[PDB]
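**Student:** What shape does this take:
(2 chains)
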Amino acid sequence: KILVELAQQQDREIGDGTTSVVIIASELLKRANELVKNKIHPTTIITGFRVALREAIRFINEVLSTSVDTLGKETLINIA
Amino acid sequence: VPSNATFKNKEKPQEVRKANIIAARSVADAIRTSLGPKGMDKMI
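**Tutor:** Residues are numbered from 1 along each chain as shown, chains lettered A, B, ... in the order given. For reference, the structure is listed below:
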């Protein structure tokens, strides 16, 4: 029911991405199933995902592109 | 030395107290894994 409520959640904030949020959240748990067999405690697994996330959000803000682009808009048509 | 003083009767309370301790320690074993910062959550 967590991913069921997570898919219903994604519509509330952004409104789009219900397909990508479920696959990513299911893959984070899938690969973590082999990490617990290593005896690694989840707090180490959670910290490894959070420290990598803090650097991931900052990396996305560095690679973003401005909406100016060329003279004309040429954006909102491609956004839809 | 034996055969004198008194002899213990109705020993069931001795077993009842053991059954209560074993049943109580079994509950304390599930919550034991949640102790400390390394503890885990329990979903019910």
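
**Student:** Pull the number of nearby residues for the residue in chain B that chain A sits nearest to.
**Tutor:** Among all residues of chain B, residue B:38 sits closest to chain A, at 5.6 Å; criterion: Cβ to the nearest Cβ. (Each C-beta comes from the backbone N, C-alpha and C, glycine too.) Neighbourhood size, residue B:38 [other Cβ atoms under 10 Å in any protein chain shown]: 11.

**Student:** now do residue B:39
**Tutor:** 13.

**Student:** do the one 3 residues further on as well
**Tutor:** Taking other Cβ under 10 Å as the neighbour definition, residue B:42 ends up with a count of 9.

**Student:** how about the helices in chain B?
**Tutor:** For chain B, applying DSSP state H gives helices covering B:12-32.

**Student:** Around chain B, which positions in chain A sit nearby?
**Tutor:** By the rule Cβ under 8 Å from any Cβ of the partner chain, the part of chain A lying against chain B is A:41-43.

**Student:** ok, these vs chain B, which is closest?
**Tutor:** Nearest member of the residues of chain A next to chain B to chain B, counting by Cβ to the nearest Cβ, is residue A:41, at 5.6 Å.

**Student:** any idea how far the closest one is from residue A:28?
**Tutor:** Remark: distance between residue A:41 and residue A:28 (Cβ to Cβ, to the nearest Å) = 17 Å.

**Student:** and the residue located most distally from the centre of chain B, what does it touch?
**Tutor:** Taking Cα atoms, centre = their mean, the residue of chain B most remote from its mean C-alpha position is residue B:1, at 33.1 Å. Counting by Cβ atoms under 8 Å, 6 or more residues apart in numbering or on different chains, residue B:1 touches no other residue.

**Student:** Tell me the first helix or strand C-terminal of the longest helix along chain A.
**Tutor:** In chain A, with assignment by DSSP H, the single longest helix is helix A:42-63. Downstream of helix A:42-63, the first helix or strand assigned by DSSP states H and E is helix A:76-79.

**Student:** Just the buried residues of that following helix, please?
**Tutor:** Using 16 or more other Cβ atoms under 10 Å in any protein chain shown as the test for burial, helix A:76-79 gives no buried residues.

**Student:** show me the contacts for the residue in chain A sticking out farthest from the centre.
**Tutor:** Seen from the C-alpha centroid of chain A, the residue lying at the greatest distance (Cα atoms, centre = their mean) is residue A:71, 32.0 Å away. By Cβ under 8 Å, 6+ apart, the contact list for residue A:71 is empty.
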